[PDB]
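Given next, in structure tokens, is a single chain: the form solved without the partner chain.
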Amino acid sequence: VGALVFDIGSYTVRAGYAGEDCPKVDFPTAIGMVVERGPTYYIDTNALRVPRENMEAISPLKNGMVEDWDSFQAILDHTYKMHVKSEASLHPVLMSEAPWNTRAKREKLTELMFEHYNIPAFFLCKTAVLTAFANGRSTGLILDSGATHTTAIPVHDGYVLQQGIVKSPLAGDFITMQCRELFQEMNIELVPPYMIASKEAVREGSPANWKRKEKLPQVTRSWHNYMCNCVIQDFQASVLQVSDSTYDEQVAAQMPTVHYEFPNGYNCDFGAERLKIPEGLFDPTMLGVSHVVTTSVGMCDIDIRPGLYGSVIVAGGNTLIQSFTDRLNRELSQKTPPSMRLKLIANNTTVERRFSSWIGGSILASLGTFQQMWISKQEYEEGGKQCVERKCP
């Protein structure tokens, strides 16, 4: 009877019920497809795990907004009926759209959600607004760092100021790609687990005794790249770190480090590389994270700037890096006028960062007034899909 909070994340989809404190549903957004020499897709991590011939890795969020409508429906069709199995006709829904979503995309999304799934009520909100609500604020600056799109969204009274949005592509994907390139410097082949089933006490700085699963079919370049990206991302989260000050060849370099064994067992305790890689979004022609934030705040009215300078909220899958918030605080303190008191809200755990938009959707979906502010099925009837524009800000 409760509402469903669907956060279609850049690279991981988050879903769950209105009152739940975390999304019980979560699976990578990437999906596979192949056509008759059928277009049925494969969803969820477990299905994608199985290698298959001419099976791609299609992501319906290339531009942040929904780019592949059939793929987006397929994921929504899968998630509704399998992961959060329940009839669509009975549950009201909350959808988290990107801050800069194109109007036509919103209209098409509403038309699909209503007609195809016949849901009774509906509401579309911006992920930045949901993050601000989740953190417990109506005015602030939300720095989102997901996949392929990092943006600094200033919100005033729960309304996203499109004036001050700065879109930076130095998102999590870029960092992971740099991770691939910095082990072209270590000269280690990137081999995914799905090919590797063997382990041994392989010496440090020594190629491993890895053996392949021989009978698997020839894999597509897309899914192999997708499997390598997952490997480096799992490595990325647990290894990378943001230096407190801009890296300048510390004592030996960074003193002892993590001895993170790759899927092939072998590895060398990563040195300065784990510090250089995260700085890709601090020392990039493009604009750094602090540059993005200052340009965004400097772009909006002076009166609200003190509200933003001091209410800067960080929430994004890429932001979950050690001491990232620390370096951001230092950088923004240096560039902010000293007479302004900057402050970052301590919400650094994985649940508060990654699922922040979903947490906000849960908070909004639970309010008693949510009944009046959504889009009724009757309103869809006599009022066309255009009602999504007026009923959602």
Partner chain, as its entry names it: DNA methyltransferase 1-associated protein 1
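Residue numbers count along the first chain shown, from 1. Between two forms, the rigid core is defined as the largest C-alpha subset superposing within 1.5 Å.
We do not show the form solved in complex with the partner chain, though everything after this point is about it.
Asks: Quick check: do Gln184, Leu190 and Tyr247 each get a heavy atom within 4.5 Å of the partner chain in the deposited bound form?
Replies: Not a single listed residue reaches the partner chain in the deposited bound form, so no.
Asks: Please pick, from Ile304, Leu287, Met95, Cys268, the one residue with any non-hydrogen atom lying within 4.5 angstroms of the partner chain in the deposited bound form.
Replies: Exactly one residue meets the criterion: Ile304.
Asks: Can you check whether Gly38 is within 4.5 Å of the partner chain in the deposited bound form, heavy atom basis?
Replies: Flag for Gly38 set to no.
Asks: Does any heavy atom of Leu161 come within 4.5 Å of a heavy atom of the partner chain in the deposited bound form?
Replies: Yes, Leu161 lies within 4.5 Å of the partner chain in the deposited bound form.
Asks: Answer for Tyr309 alone: is it within 4.5 Å of the partner chain in the deposited bound form, judged on heavy atom distances?
Replies: Contact check for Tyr309: yes, within 4.5 Å of the partner chain in the deposited bound form.
Asks: Would you check, heavy atoms only and a 4.5 Å threshold, whether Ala121 touches the partner chain in the deposited bound form?
Replies: Yes, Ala121 is a contact residue.
Asks: What are the residues of 377-393, in order along the chain, with a heavy atom within 4.5 Å of the partner chain in the deposited bound form?
Replies: Contacting residues: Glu379, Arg390, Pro393.
Asks: Superpose on the rigid core and name the single residue from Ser245, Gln163, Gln250, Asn118 whose Cα moves by 2 angstroms or more between the shown form and the other one.
Replies: Once the cores are aligned, the residue moving by 2 Å or more is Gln250.
Asks: Would one find the Cα atoms of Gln250 and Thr349 closer or farther in the deposited bound form than in this form, where their distance changes by 3 Å or more?
Replies: Distance between the C-alphas of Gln250 and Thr349: longer in the deposited bound form, by 3 Å or more.
Asks: Distance change of 3 Å or more between the C-alpha atoms of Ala252 and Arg327 in the deposited bound form: closer or farther compared with this structure?
Replies: Closer is correct, given that in the deposited bound form the C-alpha spacing of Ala252 to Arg327 is reduced by at least 3 Å.
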